[PDB]
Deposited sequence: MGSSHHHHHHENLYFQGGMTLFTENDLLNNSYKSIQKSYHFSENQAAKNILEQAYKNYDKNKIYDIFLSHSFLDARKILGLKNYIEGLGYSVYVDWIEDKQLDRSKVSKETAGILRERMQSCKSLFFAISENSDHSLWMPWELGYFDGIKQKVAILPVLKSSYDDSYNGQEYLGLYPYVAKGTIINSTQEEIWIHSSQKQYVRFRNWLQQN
């Protein structure tokens, strides 16, 4: 098994956005993710609430595309700490079965990160950290298990490199 690459996510972005210019490629992916925010369905039951540290909007998109092409629902968390946006996060985290917080080597933490990781642990108890390496063992980012990749690929939840289980079986526990 292996972990996600910044190469993997950026190439997956070009499955839905153009490969012209960094400025345009950026502006494009932000429109898809804003659209997904406006298209959140209160009556849907999403598999993964996808939260992230600061990442390229292209890389967020390519991560959303990668997980959906694997057969899972993804709501992408899309700026300060308000009573108002705390309410939106509650309603939309309750709409999800699990939470992945993605981190890159350039950004391990975020302003909202520990509150969401704490809140979703309280309501659904299924929280996993998503490591995004630049190039199966990853050691608050050590408080929860981590996500890895496995004729078709699958998502694996790791208490360690030794202890893995299918995401489908990890939700059922």
Task: Deposited-sequence stretches lacking C-alpha coordinates, listed in sequence order - done: 1-18, 97-104, 162-164, 169-171, 183-187, 211
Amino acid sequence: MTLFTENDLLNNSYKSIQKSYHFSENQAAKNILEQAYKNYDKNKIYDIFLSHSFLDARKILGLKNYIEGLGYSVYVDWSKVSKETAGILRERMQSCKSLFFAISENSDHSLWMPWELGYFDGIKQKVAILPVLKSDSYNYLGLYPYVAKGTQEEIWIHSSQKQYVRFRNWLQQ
From here on, numbers count along this sequence of modelled residues.
- [ ] Would you mind ranking residue 109 by its C-alpha B-factor against the rest of the chain and naming the third, lowest, middle or highest?
- [x] middle
Task: B-factor third for the C-alpha atom of residue 69 within its chain - done: middle
TODO: Place residue 54 in the lowest, middle or highest third of its chain's C-alpha B-factors, as listed in the PDB entry.
DONE: middle
Open item on the list: Per the entry's values, where does residue 62 land by CA temperature factor relative to the rest of its chain, in the lowest, middle or highest third?
Closed with: middle
Open item on the list: Using only modelled residues of the chain, where does the Cα B factor of residue 141 rank: lowest third, middle third or highest third?
Closed with: highest
